[PDB]
Amino acid sequence: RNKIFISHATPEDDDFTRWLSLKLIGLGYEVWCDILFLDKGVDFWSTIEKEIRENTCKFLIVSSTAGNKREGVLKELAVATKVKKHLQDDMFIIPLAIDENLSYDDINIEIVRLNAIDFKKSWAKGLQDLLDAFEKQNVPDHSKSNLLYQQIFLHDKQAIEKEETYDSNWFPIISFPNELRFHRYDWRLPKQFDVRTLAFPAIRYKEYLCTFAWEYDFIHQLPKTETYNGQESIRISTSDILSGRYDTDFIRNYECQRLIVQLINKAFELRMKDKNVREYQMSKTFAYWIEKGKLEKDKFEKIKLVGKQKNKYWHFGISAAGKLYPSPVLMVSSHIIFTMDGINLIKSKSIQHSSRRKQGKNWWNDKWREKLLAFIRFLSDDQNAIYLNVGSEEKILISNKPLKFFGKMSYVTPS
Amino acid sequence: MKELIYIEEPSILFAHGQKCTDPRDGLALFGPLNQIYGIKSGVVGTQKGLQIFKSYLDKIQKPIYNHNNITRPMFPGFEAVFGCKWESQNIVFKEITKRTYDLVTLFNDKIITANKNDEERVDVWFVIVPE
Amino acid sequence: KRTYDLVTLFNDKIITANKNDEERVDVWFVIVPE
Amino acid sequence: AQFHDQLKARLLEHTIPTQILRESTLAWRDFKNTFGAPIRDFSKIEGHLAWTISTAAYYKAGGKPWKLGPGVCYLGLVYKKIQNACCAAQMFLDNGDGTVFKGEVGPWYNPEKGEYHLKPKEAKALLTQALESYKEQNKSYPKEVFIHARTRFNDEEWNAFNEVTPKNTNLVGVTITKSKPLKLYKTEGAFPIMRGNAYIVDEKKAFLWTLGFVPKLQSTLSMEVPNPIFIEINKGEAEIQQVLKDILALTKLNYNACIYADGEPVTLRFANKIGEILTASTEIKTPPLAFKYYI
Amino acid sequence: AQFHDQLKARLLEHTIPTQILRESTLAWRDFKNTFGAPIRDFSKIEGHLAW
RNA sequence: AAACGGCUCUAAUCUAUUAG
DNA sequence: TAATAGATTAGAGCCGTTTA
Ligand SMILES: [Mg+2]
């Protein structure tokens with residue numbers, strides 16, 4: 001009795017029936033699709049007789065517009081109803097509607113009452129619905145077929161409508177020094193002096209030294225800057241240029257934002273010297289990574305920032321670059337710095353690349369989030385901020401909490 | 001907190017007009033759009049390269065499994081998916097027995113002479129480069 | 001000259017189809033009118 | 001280094017679809033690292049490999065594996081460093097619902113060393129070539145010329161585009177940038193941000209997650225944490241919603257591979273591939289302009 | 001006169017196997033002589049023509 | 001070069017400014 | 001012409017194969 005019988009429109013509705021038939025045999029169900037199983041020579045209507053009446057477990061109609069008015073499928077359906085009455089099994093017939101050009105009020109009265117399984121615009125989802133119906137009605141290799149069955153179920157996996165929250169990589173600038181100051185060091189500042197070696201961030205622009213620091217701070221390495229008149233310096237409100245309403249022939253808005261970005265980066269580079277953390281070169285910028293043995297159990301706030309891998313040591317490191325396009329913010333980037341024994345860096349870069357790839361092979365979102373957050377919180381001075389020394393009286397605050405995001409669509413995390 | 005909007009994942013249509021998202025599932029379910037009757041493979045390489053290509057072409061026909069079939073779909077087999085024959089017994093083989101320029105020239109001139117002079121039509125030339 | 005351009009029509013049609021079009025053609029059946 | 005691209009360029013004159021296969025790819029088990037596992041460990045990806053190769057073959061034999069699901073020409077142009085060579089790919093829909101996914105070849109040359117921008121004459125030539133291709137294919141001029149690139153469009157080349165284009169056509173310029181350091185994590189689970197998320201920074205610029213975790217595969221298209229692609233409508237007038245939808249649609253047609261999706265639109269990637277192939281060897285007049293000869 | 005030869009020659013550089021068929025060959029019945037039987041009476045050789 | 005990614009290295013350009 | 005930055009851009013290589 002275990003056999004699923006498929007009736008359909010023979011002349012012009014063969015592709016769907018064929019695909020469904022071989023899909024059903026691939027799932028393990030015995031089928032009697034006529035264009036695939038009707039033997040040649042045999043009396044076709046008597047074989048339909050024997051198949052529907054004797055050993056048919058379930059009867060499927062294909063309810064396209066070609067069907068529901070064709071004599072063969074109508075006869076097949078009527079005898080299916082006869083078998084339904086004899087068997088007294090609920091939903092012995094399972095109509096399948098593929099064509100979208102007929103409505104539920106034009107389906108023939110023989111099967112209109114019973115619910116047709118949706119095949120209008122998704123054959124795979126309709127096939128999964130049919131499989132679920134077969135499981136519900138208990139319609140009757142062990143490793144090959146489950147792949148196809150799970151693929152049928154999984155082909156339509158989408159994101160569920162659930163709220164999801166995310167930690168970003170950016171860290172916002174909480175506050176800025178009120179004044180960006182251009183000191184007039186026409187002759188006090190030596191021309192060939194390197195301002196990047198200055199104790200506090202400052203850059204040479206248009207016969208001026210522009211910085212966030214007081215003009216009297218550059219004394220230890222710039223003795224001649226002493227006794228400099230304060231009226232020569234020109235001060236601009238930082239928020240004025242950040243919002244972009246400041247625009248002056250002396251200095252353009254975009255260029256002034258660029259110099260503030262340079263000041264933020266330079267101040268970060270100076271601060272990380274003080275923050276008890278070693279440094280490493282990328283082709284672009286600096287990376288700040290902590291030594292092994294200088295953290296308790298290599299652990300800060302239940303997050304391990306340095307560890308071991310294949311008789312080598314890895315340290316989590318960060319590289320920060322300030323930007324002001326969306327808002328005054330500082331974008332971090334996470335890297336792994338490899339050393340031979342925890343104290344001595346590995347000189348050659350190729351093994352650095354290989355070890356970084358090997359380490360990040362098994363790291364994923366949660367690991368990266370914990371390491372980045374722990375590193376930023378470790379370099380922090382107070383609870384919710386990190387200090388950048390741009391002046392003896394002015395500082396730059398970078399928030400410990402990244403820019404949090406959230407979304408209406410997400411998924412179930414696989415177990 | 002800034003809201004992340006959603007752009008719905010687009011669906012690529014397949015044979016019979018059935019649209020799915022993954023290439024793999026749509027191909028293994030409904031098959032490709034147009035029917036080509038087969039692939040008359042041309043192979044330009046050494047005898048060992050031809051043997052390797054033939055063995056891999058035989059292996060393609062039968063199903064081959066990924067280590068995690070849910071994460072990455074299986075390959076049912078070339079005839080099962082694409083509906084066309086790409087057998088390894090119908091291979092047009094061209095044996096090979098400034099260095100980059102002449103190395104390219106070898107395979108090149110082989111292919112041009114095969115495409116011009118030879119009668120055996122080739123759908124796509126599988127240049128099996130040595131190592 | 002009429003022969004040259006009449007040949008050119010079918011010719012460049014075939015070359016653009018063999019060059020630009022993705023669908024492969026094994027042999028091009030030039031259905032010449034009468 | 002230049003085996004594949006130069007080989008394709010040399011066969012480019014007489015159209016011959018070819019697929020290059022390394023011996024270490026087809027039979028990766030035999031050739032080992034001489035001290036252990038094979039050099040290219042393909043054990044976990046074998047069937048996937050057998051997927052892509054087959055798909056590639058099926059594409060190079062004249063078969064169409066999949067389509068997209070009007071009036072918009074997607075023109076992705078990529079600049080090659082040699083002088084600079086702008087090579088483009090175009091994608092649109094015909095009247096029979098088919099997706100015409102040719103290139104836009106006949107590379108246009110900027111003599112400047114680092115100016116990744118088309119000169120007015122070459123910009124006009126590129127746009128009129130793409131528009132003529134669309135006109136001969138769809139019998140009518142496109143309603144929208146979605147020109148996207150990896151560079152920002154300058155003013156003179158945009159003016160050239162806007163003067164060569166005809167009326168009733170609104171062409172929009174998009175810039176797609178990879179490796180922008182917006183690593184957006186997930187605090188709750190151990191899995192990354194799932195693909196499809198878009199972060200609308202401004203009305204014209206946004207961060208699209210064309211790659212990441214996918215629910216349908218229970219895994220991620222990208223290892224570690226996904227890198228979003230920055231999508232900026234620097235030139236032209238269009239909605240960021242529709243532009244991101246278009247980019248996500250274009251991230252599906254990588255016929256060169258059998259993968260769920262790639263992180264960048266396939267138009268840009270294919271234009272880059274054909275441009276590299278063109279610049280590999282000498283100049284070719286009226287090249288084939290079809291991807292089976294390049295990818 | 002020289003359509004076939006020129007057409008086959010111009011495709012030699014980009015090798016494209018081509019077959020030229022006339023409309024009076026594939027469908028010979030449609031073209032009469034305005035007076036009766038078609039110009040190219042292929043009735044006795046239709047099978048051979050197909051061959 | 002089956003492929004897609006993450007990372008690494010390197011170069012160039014455009015700006016603004018300063019020394020040639 | 002050199003330099004010091006920041007923003008774009010571009011190439012090449014190199015490793016892993018996407019937590020069950
Ligand atoms: Mg490929």
# chains A, B, ... in the order shown; residues from 1 in each chain; ligands from 1
>>> residues_around(residues="residue 128 (chain D)", least_positions_apart="3", cutoff="10 Å", atoms="only C-alpha atoms (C1' of nucleotides)", output="PDB file with N, CA and C atoms, in the first residue's frame")
ATOM      1  N   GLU D 122      37.311  60.255 -23.538  1.00  0.00           N
ATOM      2  CA  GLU D 122      37.173  58.838 -23.225  1.00  0.00           C
ATOM      3  C   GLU D 122      35.923  58.560 -22.403  1.00  0.00           C
ATOM      4  N   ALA D 123      35.542  59.476 -21.512  1.00  0.00           N
ATOM      5  CA  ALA D 123      34.300  59.304 -20.766  1.00  0.00           C
ATOM      6  C   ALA D 123      33.098  59.305 -21.705  1.00  0.00           C
ATOM      7  N   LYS D 124      33.065  60.256 -22.643  1.00  0.00           N
ATOM      8  CA  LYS D 124      31.990  60.274 -23.628  1.00  0.00           C
ATOM      9  C   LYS D 124      31.983  58.993 -24.447  1.00  0.00           C
ATOM     10  N   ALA D 125      33.164  58.526 -24.862  1.00  0.00           N
ATOM     11  CA  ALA D 125      33.246  57.312 -25.667  1.00  0.00           C
ATOM     12  C   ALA D 125      32.722  56.104 -24.900  1.00  0.00           C
ATOM     13  N   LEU D 131      25.741  52.894 -23.978  1.00  0.00           N
ATOM     14  CA  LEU D 131      24.375  53.240 -24.348  1.00  0.00           C
ATOM     15  C   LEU D 131      24.004  52.659 -25.706  1.00  0.00           C
ATOM     16  N   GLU D 132      24.953  52.611 -26.644  1.00  0.00           N
ATOM     17  CA  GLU D 132      24.683  51.993 -27.936  1.00  0.00           C
ATOM     18  C   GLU D 132      24.497  50.488 -27.798  1.00  0.00           C
ATOM     19  N   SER D 133      25.276  49.848 -26.923  1.00  0.00           N
ATOM     20  CA  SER D 133      25.068  48.428 -26.661  1.00  0.00           C
ATOM     21  C   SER D 133      23.673  48.180 -26.098  1.00  0.00           C
ATOM     22  N   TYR D 134      23.264  48.993 -25.122  1.00  0.00           N
ATOM     23  CA  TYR D 134      21.924  48.841 -24.563  1.00  0.00           C
ATOM     24  C   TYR D 134      20.856  49.114 -25.616  1.00  0.00           C
ATOM     25  N   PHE D 161      29.970  62.680 -19.004  1.00  0.00           N
ATOM     26  CA  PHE D 161      28.905  61.682 -18.976  1.00  0.00           C
ATOM     27  C   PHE D 161      27.538  62.331 -19.161  1.00  0.00           C
ATOM     28  N   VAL D 164      27.121  63.660 -22.899  1.00  0.00           N
ATOM     29  CA  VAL D 164      27.003  62.677 -23.973  1.00  0.00           C
ATOM     30  C   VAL D 164      25.687  61.910 -23.866  1.00  0.00           C
ATOM     31  N   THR D 165      25.132  61.787 -22.662  1.00  0.00           N
ATOM     32  CA  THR D 165      23.896  61.044 -22.480  1.00  0.00           C
ATOM     33  C   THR D 165      22.714  61.798 -23.094  1.00  0.00           C
ATOM     34  N   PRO D 166      21.696  61.074 -23.573  1.00  0.00           N
ATOM     35  CA  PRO D 166      20.508  61.744 -24.117  1.00  0.00           C
ATOM     36  C   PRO D 166      19.476  62.072 -23.050  1.00  0.00           C
TER      37      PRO D 166
END
>>> residues_near_ligand(ligand="ligand 1", cutoff="6 Å", atoms="only C-alpha atoms (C1' of nucleotides) and all ligand atoms", output="ChimeraX atom specification")
/D:256,295 /F:2
>>> write_last_selection(atoms="N, CA and C atoms (P, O5', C5', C4', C3', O3' and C1' of nucleotides)", output="PDB file, in the first residue's frame")
ATOM      1  N   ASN D 256      32.186  33.067 -12.464  1.00  0.00           N
ATOM      2  CA  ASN D 256      33.512  32.483 -12.315  1.00  0.00           C
ATOM      3  C   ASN D 256      33.598  31.549 -11.115  1.00  0.00           C
ATOM      4  N   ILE D 295      37.148  35.215 -17.747  1.00  0.00           N
ATOM      5  CA  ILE D 295      37.126  34.574 -16.437  1.00  0.00           C
ATOM      6  C   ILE D 295      37.418  33.085 -16.556  1.00  0.00           C
TER       7      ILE D 295
ATOM      8  P     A F   2      43.364  27.112 -10.275  1.00  0.00           P
ATOM      9  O5'   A F   2      41.791  27.345 -10.260  1.00  0.00           O
ATOM     10  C5'   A F   2      40.991  27.017 -11.385  1.00  0.00           C
ATOM     11  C4'   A F   2      39.530  27.154 -11.056  1.00  0.00           C
ATOM     12  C3'   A F   2      39.155  28.412 -10.289  1.00  0.00           C
ATOM     13  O3'   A F   2      38.965  29.536 -11.130  1.00  0.00           O
ATOM     14  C1'   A F   2      38.222  26.537  -9.212  1.00  0.00           C
TER      15        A F   2
END
>>> interface_residues(of="chain B", to="chain E", cutoff="12 Å", atoms="only C-alpha atoms", output="VMD selection string")
chain B and resid 112 to 121
>>> closest_residue(among="E:39, E:45, E:21, E:9", to="chain C", atoms="only C-alpha atoms")
E:21
>>> select_by_dssp(residues="region 72-111 of chain A", states="alpha helix (DSSP H)", output="PyMOL selection string")
chain A and resi 72-87
>>> write_last_selection(atoms="N, CA and C atoms", output="PDB file, in the first residue's frame")
ATOM      1  N   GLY A  72      -8.871  12.531 -18.446  1.00  0.00           N
ATOM      2  CA  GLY A  72      -8.040  11.542 -17.776  1.00  0.00           C
ATOM      3  C   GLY A  72      -7.819  11.856 -16.309  1.00  0.00           C
ATOM      4  N   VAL A  73      -7.431  13.098 -16.010  1.00  0.00           N
ATOM      5  CA  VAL A  73      -7.177  13.468 -14.622  1.00  0.00           C
ATOM      6  C   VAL A  73      -8.476  13.492 -13.826  1.00  0.00           C
ATOM      7  N   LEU A  74      -9.593  13.876 -14.453  1.00  0.00           N
ATOM      8  CA  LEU A  74     -10.873  13.848 -13.749  1.00  0.00           C
ATOM      9  C   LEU A  74     -11.286  12.425 -13.391  1.00  0.00           C
ATOM     10  N   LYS A  75     -11.119  11.479 -14.320  1.00  0.00           N
ATOM     11  CA  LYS A  75     -11.411  10.080 -14.015  1.00  0.00           C
ATOM     12  C   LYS A  75     -10.505   9.568 -12.903  1.00  0.00           C
ATOM     13  N   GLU A  76      -9.217   9.905 -12.986  1.00  0.00           N
ATOM     14  CA  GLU A  76      -8.255   9.489 -11.976  1.00  0.00           C
ATOM     15  C   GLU A  76      -8.645  10.035 -10.607  1.00  0.00           C
ATOM     16  N   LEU A  77      -9.056  11.303 -10.561  1.00  0.00           N
ATOM     17  CA  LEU A  77      -9.486  11.928  -9.315  1.00  0.00           C
ATOM     18  C   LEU A  77     -10.762  11.293  -8.774  1.00  0.00           C
ATOM     19  N   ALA A  78     -11.740  11.019  -9.639  1.00  0.00           N
ATOM     20  CA  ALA A  78     -12.988  10.424  -9.166  1.00  0.00           C
ATOM     21  C   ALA A  78     -12.742   9.051  -8.559  1.00  0.00           C
ATOM     22  N   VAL A  79     -11.895   8.248  -9.201  1.00  0.00           N
ATOM     23  CA  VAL A  79     -11.572   6.954  -8.615  1.00  0.00           C
ATOM     24  C   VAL A  79     -10.737   7.131  -7.351  1.00  0.00           C
ATOM     25  N   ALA A  80      -9.948   8.205  -7.272  1.00  0.00           N
ATOM     26  CA  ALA A  80      -9.258   8.511  -6.023  1.00  0.00           C
ATOM     27  C   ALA A  80     -10.248   8.796  -4.899  1.00  0.00           C
ATOM     28  N   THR A  81     -11.336   9.510  -5.199  1.00  0.00           N
ATOM     29  CA  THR A  81     -12.376   9.718  -4.190  1.00  0.00           C
ATOM     30  C   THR A  81     -13.040   8.402  -3.806  1.00  0.00           C
ATOM     31  N   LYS A  82     -13.233   7.507  -4.777  1.00  0.00           N
ATOM     32  CA  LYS A  82     -13.761   6.183  -4.447  1.00  0.00           C
ATOM     33  C   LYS A  82     -12.844   5.455  -3.468  1.00  0.00           C
ATOM     34  N   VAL A  83     -11.533   5.499  -3.717  1.00  0.00           N
ATOM     35  CA  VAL A  83     -10.578   4.887  -2.795  1.00  0.00           C
ATOM     36  C   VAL A  83     -10.585   5.602  -1.449  1.00  0.00           C
ATOM     37  N   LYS A  84     -10.787   6.920  -1.447  1.00  0.00           N
ATOM     38  CA  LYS A  84     -10.888   7.665  -0.195  1.00  0.00           C
ATOM     39  C   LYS A  84     -12.071   7.183   0.634  1.00  0.00           C
ATOM     40  N   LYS A  85     -13.225   7.008  -0.012  1.00  0.00           N
ATOM     41  CA  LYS A  85     -14.401   6.507   0.690  1.00  0.00           C
ATOM     42  C   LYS A  85     -14.170   5.095   1.210  1.00  0.00           C
ATOM     43  N   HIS A  86     -13.550   4.237   0.397  1.00  0.00           N
ATOM     44  CA  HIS A  86     -13.287   2.870   0.842  1.00  0.00           C
ATOM     45  C   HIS A  86     -12.327   2.844   2.026  1.00  0.00           C
ATOM     46  N   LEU A  87     -11.275   3.662   1.977  1.00  0.00           N
ATOM     47  CA  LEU A  87     -10.217   3.607   2.980  1.00  0.00           C
ATOM     48  C   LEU A  87     -10.582   4.352   4.256  1.00  0.00           C
TER      49      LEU A  87
END
>>> residues_around(residues="region 17-32 of chain B", least_positions_apart="6", cutoff="9 Å", atoms="only C-alpha atoms (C1' of nucleotides)", output="compact mmCIF listing (two decimals) with N, CA and C atoms, in the first residue's frame")
# COMPACT_ATOMS: atom_id res chain seq x y z
N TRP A 19 9.95 16.60 -12.15
CA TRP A 19 10.83 17.10 -11.10
C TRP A 19 10.37 16.61 -9.73
N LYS A 23 12.30 13.97 -7.27
CA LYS A 23 12.58 14.47 -5.92
C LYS A 23 12.01 13.53 -4.86
N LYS A 121 4.39 29.68 -6.74
CA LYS A 121 5.57 30.46 -7.08
C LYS A 121 6.84 29.98 -6.40
N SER A 122 6.83 28.82 -5.75
CA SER A 122 8.05 28.28 -5.14
C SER A 122 7.90 26.76 -5.10
N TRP A 123 8.51 26.08 -6.06
CA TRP A 123 8.42 24.62 -6.09
C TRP A 123 9.15 23.98 -4.92
N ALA A 124 10.26 24.57 -4.48
CA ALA A 124 11.01 23.96 -3.38
C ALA A 124 10.31 24.15 -2.05
N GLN A 151 18.25 20.05 2.61
CA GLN A 151 18.38 21.11 1.61
C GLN A 151 17.02 21.65 1.19
N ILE A 152 16.03 20.76 1.04
CA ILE A 152 14.66 21.21 0.76
C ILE A 152 14.18 22.12 1.88
N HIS A 155 16.50 25.60 1.95
CA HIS A 155 16.66 26.49 0.80
C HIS A 155 16.01 27.85 1.03
N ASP A 156 15.00 27.91 1.89
CA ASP A 156 14.24 29.13 2.13
C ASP A 156 14.51 29.73 3.50
N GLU B 9 17.71 39.67 0.77
CA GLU B 9 18.60 38.89 -0.08
C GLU B 9 17.92 38.60 -1.41
N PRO B 10 18.51 38.99 -2.54
CA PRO B 10 17.86 38.76 -3.83
C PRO B 10 17.88 37.29 -4.22
N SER B 11 16.92 36.92 -5.05
CA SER B 11 16.77 35.55 -5.53
C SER B 11 17.08 35.49 -7.02
N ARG B 72 28.09 24.19 3.48
CA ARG B 72 28.35 24.33 2.05
C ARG B 72 27.74 23.15 1.31
N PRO B 73 26.84 23.40 0.36
CA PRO B 73 26.08 22.31 -0.25
C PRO B 73 26.96 21.33 -1.01
N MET B 74 26.49 20.09 -1.10
CA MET B 74 27.18 19.03 -1.81
C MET B 74 27.09 19.25 -3.32
N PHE B 75 27.88 18.47 -4.05
CA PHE B 75 27.76 18.41 -5.50
C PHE B 75 27.07 17.11 -5.89
N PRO B 76 25.84 17.16 -6.41
CA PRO B 76 25.17 15.91 -6.81
C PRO B 76 25.88 15.16 -7.92
N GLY B 77 26.58 15.86 -8.81
CA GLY B 77 27.15 15.25 -9.99
C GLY B 77 26.80 16.06 -11.22
N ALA B 80 23.61 15.22 -13.12
CA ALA B 80 22.45 15.46 -12.27
C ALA B 80 22.10 16.94 -12.21
N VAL B 81 23.11 17.80 -12.08
CA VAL B 81 22.87 19.23 -11.92
C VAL B 81 22.56 19.89 -13.26
N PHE B 82 23.52 19.85 -14.18
CA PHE B 82 23.47 20.67 -15.38
C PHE B 82 22.68 20.04 -16.52
N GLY B 83 22.37 18.75 -16.44
CA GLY B 83 21.59 18.12 -17.49
C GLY B 83 22.31 17.94 -18.80
N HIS D 48 32.52 21.65 -3.11
CA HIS D 48 32.45 23.05 -3.49
C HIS D 48 33.38 23.33 -4.66
N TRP D 51 31.93 21.94 -7.49
CA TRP D 51 30.90 22.89 -7.92
C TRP D 51 31.49 23.92 -8.87
N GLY D 63 26.62 27.84 -21.59
CA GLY D 63 25.45 27.62 -20.77
C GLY D 63 25.25 28.74 -19.75
N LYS D 64 23.98 29.06 -19.50
CA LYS D 64 23.63 30.11 -18.55
C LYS D 64 23.18 29.46 -17.25
N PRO D 65 23.96 29.55 -16.17
CA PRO D 65 23.55 28.85 -14.94
C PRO D 65 22.39 29.51 -14.21
N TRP D 66 22.35 30.84 -14.17
CA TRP D 66 21.29 31.54 -13.45
C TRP D 66 21.16 32.96 -13.96
N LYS D 67 20.02 33.57 -13.66
CA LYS D 67 19.66 34.92 -14.09
C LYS D 67 19.50 35.84 -12.88
N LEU D 68 19.01 37.05 -13.15
CA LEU D 68 18.58 38.02 -12.15
C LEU D 68 17.13 38.43 -12.40
N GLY D 69 16.47 38.86 -11.32
CA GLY D 69 15.10 39.34 -11.40
C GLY D 69 14.88 40.59 -10.57
N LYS D 216 20.77 30.83 5.70
CA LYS D 216 20.50 29.69 4.83
C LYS D 216 21.63 28.67 4.87
N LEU D 217 22.85 29.10 5.19
CA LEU D 217 23.99 28.19 5.26
C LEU D 217 24.44 27.91 6.68
N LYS D 252 25.53 38.65 -6.94
CA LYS D 252 25.11 37.27 -7.12
C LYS D 252 25.64 36.60 -8.38
N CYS D 258 31.22 29.18 -7.92
CA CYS D 258 29.97 28.68 -7.36
C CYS D 258 30.03 28.92 -5.86
N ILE D 259 29.67 30.14 -5.46
CA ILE D 259 29.62 30.55 -4.07
C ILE D 259 28.32 31.32 -3.88
N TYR D 260 27.82 31.35 -2.65
CA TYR D 260 26.52 31.96 -2.40
C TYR D 260 26.52 33.42 -2.82
N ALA D 261 27.57 34.16 -2.48
CA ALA D 261 27.70 35.56 -2.88
C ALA D 261 29.12 36.03 -2.60
>>> interface_residues(of="chain G", to="chain B", cutoff="12 Å", atoms="only C-alpha atoms (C1' of nucleotides)", output="PyMOL selection string")
chain G and resi 17-20
>>> write_last_selection(atoms="N, CA and C atoms (P, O5', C5', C4', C3', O3' and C1' of nucleotides)", output="PDB file, in the first residue's frame")
ATOM      1  P    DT G  17      40.818  26.138   7.817  1.00  0.00           P
ATOM      2  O5'  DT G  17      39.629  26.148   6.752  1.00  0.00           O
ATOM      3  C5'  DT G  17      38.681  27.205   6.773  1.00  0.00           C
ATOM      4  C4'  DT G  17      37.671  27.047   5.653  1.00  0.00           C
ATOM      5  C3'  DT G  17      37.347  25.603   5.277  1.00  0.00           C
ATOM      6  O3'  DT G  17      35.948  25.459   5.057  1.00  0.00           O
ATOM      7  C1'  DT G  17      38.128  26.775   3.375  1.00  0.00           C
ATOM      8  P    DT G  18      35.033  24.713   6.147  1.00  0.00           P
ATOM      9  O5'  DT G  18      34.374  25.907   6.980  1.00  0.00           O
ATOM     10  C5'  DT G  18      35.099  26.511   8.042  1.00  0.00           C
ATOM     11  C4'  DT G  18      34.639  27.939   8.267  1.00  0.00           C
ATOM     12  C3'  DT G  18      33.165  28.092   8.565  1.00  0.00           C
ATOM     13  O3'  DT G  18      32.919  27.851   9.940  1.00  0.00           O
ATOM     14  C1'  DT G  18      33.901  29.774   7.034  1.00  0.00           C
ATOM     15  P    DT G  19      31.760  26.831  10.381  1.00  0.00           P
ATOM     16  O5'  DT G  19      32.098  26.506  11.910  1.00  0.00           O
ATOM     17  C5'  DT G  19      33.309  25.840  12.244  1.00  0.00           C
ATOM     18  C4'  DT G  19      33.589  25.923  13.736  1.00  0.00           C
ATOM     19  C3'  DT G  19      32.513  25.325  14.636  1.00  0.00           C
ATOM     20  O3'  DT G  19      33.108  24.775  15.801  1.00  0.00           O
ATOM     21  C1'  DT G  19      32.691  27.641  15.059  1.00  0.00           C
ATOM     22  P    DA G  20      32.626  23.346  16.353  1.00  0.00           P
ATOM     23  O5'  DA G  20      31.032  23.411  16.231  1.00  0.00           O
ATOM     24  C5'  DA G  20      30.256  22.233  16.407  1.00  0.00           C
ATOM     25  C4'  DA G  20      28.889  22.392  15.766  1.00  0.00           C
ATOM     26  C3'  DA G  20      28.077  21.106  15.661  1.00  0.00           C
ATOM     27  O3'  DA G  20      27.244  20.963  16.805  1.00  0.00           O
ATOM     28  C1'  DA G  20      28.253  22.094  13.526  1.00  0.00           C
TER      29       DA G  20
END
>>> closest_atom_pairs(of="chain B", to="chain C", cutoff="10 Å", atoms="only C-alpha atoms", output="CSV")
residue,atom,partner,partner_atom,distance
B:34,CA,C:23,CA,9.0
B:36,CA,C:24,CA,8.6
B:121,CA,C:26,CA,7.9
B:122,CA,C:26,CA,9.1
B:123,CA,C:24,CA,8.1
>>> interface_residues(of="chain A", to="chain F", cutoff="7 Å", atoms="only C-alpha atoms (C1' of nucleotides)", output="VMD selection string")
chain A and resid 205 to 206 255 283 353 357
>>> residues_around(residues="residue 50 (chain E)", least_positions_apart="4", cutoff="12 Å", atoms="only C-alpha atoms (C1' of nucleotides)", output="list in words")
residues 25, 26, 27, 42, 43, 44, 45 and 46 of chain E
>>> write_last_selection(atoms="N, CA and C atoms", output="JSON list (two decimals), in the first residue's frame")
[["chain", "number", "residue", "atom", "x", "y", "z"],
["E", 25, "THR", "N", 15.97, 26.73, -50.80],
["E", 25, "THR", "CA", 16.38, 25.36, -50.54],
["E", 25, "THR", "C", 15.65, 24.75, -49.34],
["E", 26, "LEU", "N", 15.69, 25.43, -48.19],
["E", 26, "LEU", "CA", 15.03, 24.92, -47.00],
["E", 26, "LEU", "C", 13.52, 24.83, -47.21],
["E", 27, "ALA", "N", 12.92, 25.87, -47.80],
["E", 27, "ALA", "CA", 11.49, 25.88, -48.13],
["E", 27, "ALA", "C", 11.38, 26.18, -49.62],
["E", 42, "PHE", "N", 12.39, 19.91, -55.54],
["E", 42, "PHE", "CA", 13.11, 19.00, -54.66],
["E", 42, "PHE", "C", 12.23, 17.87, -54.14],
["E", 43, "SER", "N", 11.07, 17.65, -54.77],
["E", 43, "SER", "CA", 10.14, 16.64, -54.29],
["E", 43, "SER", "C", 10.73, 15.24, -54.36],
["E", 44, "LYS", "N", 11.39, 14.91, -55.47],
["E", 44, "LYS", "CA", 11.95, 13.58, -55.65],
["E", 44, "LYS", "C", 13.18, 13.35, -54.78],
["E", 45, "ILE", "N", 13.79, 14.42, -54.28],
["E", 45, "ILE", "CA", 15.06, 14.37, -53.56],
["E", 45, "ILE", "C", 14.95, 14.97, -52.17],
["E", 46, "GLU", "N", 13.74, 15.11, -51.64],
["E", 46, "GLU", "CA", 13.55, 15.73, -50.33],
["E", 46, "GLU", "C", 14.29, 14.97, -49.24]]
>>> atom_distance(atom1="CA of residue 222 (chain A)", atom2="CA of residue 207 (chain A)")
16.3 Å
>>> residues_around(residues="residue 83 (chain D)", least_positions_apart="6", cutoff="6 Å", atoms="only C-alpha atoms (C1' of nucleotides)", output="list in words")
residues 110, 111, 112 and 113 of chain D
>>> write_last_selection(atoms="N, CA and C atoms", output="short mmCIF file (atom, residue, chain, number, x, y, z; two decimals), in the first residue's frame")
data_model
loop_
_atom_site.label_atom_id
_atom_site.label_comp_id
_atom_site.auth_asym_id
_atom_site.auth_seq_id
_atom_site.Cartn_x
_atom_site.Cartn_y
_atom_site.Cartn_z
N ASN D 110 43.74 56.86 -19.72
CA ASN D 110 44.12 58.12 -19.11
C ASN D 110 45.64 58.23 -19.08
N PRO D 111 46.24 59.21 -19.75
CA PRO D 111 47.71 59.30 -19.76
C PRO D 111 48.32 59.65 -18.42
N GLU D 112 47.56 60.26 -17.51
CA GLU D 112 48.11 60.65 -16.22
C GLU D 112 48.49 59.43 -15.40
N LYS D 113 49.49 59.61 -14.53
CA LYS D 113 50.05 58.48 -13.80
C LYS D 113 49.10 57.97 -12.72
#
